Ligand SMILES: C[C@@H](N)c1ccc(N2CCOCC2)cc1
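Starting off, we have a lone chain in the form solved without this ligand, written out as structure tokens.
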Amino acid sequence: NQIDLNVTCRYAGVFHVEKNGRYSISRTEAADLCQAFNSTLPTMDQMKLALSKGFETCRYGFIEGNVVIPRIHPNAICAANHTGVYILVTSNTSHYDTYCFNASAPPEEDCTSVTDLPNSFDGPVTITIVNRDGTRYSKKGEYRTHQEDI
């Protein structure tokens, strides 16, 4: 009973979280996951500022009201060569990664590891934070509040 959460650097408080290495987070689960990090889904404005500080990914993820990919460098296999905060317009499906926003993070790039999940609640799941440099932090708990998500 195990969940891996792959996390990025923070940029103006905004970071990306991927569950189990694949698109697998619903919009309800995304809000609960950010809440476990003492964070919220970013607004578009928060995401644009993060982009301006160096944030880019190649993965769709939730922000408050849209699903996006922040892009700095044009890449043909990431958001169809677009730059800026690329907004997903048309999709059949409902599960993506998430972005999260932590107001307590540093104002610019913070590429230190994440070593806690401060607002997880009691539960039976082994939750492992995996950083890009491989650094791991594990704890037993739960973050999902909606039964539809388990």
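In case it trips you up, residue 1 is the first one in the sequence shown, and so on.
Form solved in complex with this ligand: not shown, discussed below.
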Although this ligand is absent from this view, report whether residue 46 comes within 4.5 Å of it in the bound PDB entry, heavy atoms only. no
Taking this ligand as it sits in the bound PDB entry, is residue 118 in contact with it (heavy atom to heavy atom, 4.5 Å or less)? yes
Is residue 26 close enough to this ligand in the bound PDB entry to count, meaning some heavy atom within 4.5 Å? no
Give a yes or no for residue 114: in the bound PDB entry, does one of its heavy atoms lie within 4.5 Å of a heavy atom belonging to this ligand? yes
For the stretch 86-103, which residues lie within 4.5 Å of this ligand in the bound PDB entry by non-hydrogen atom distance? 102
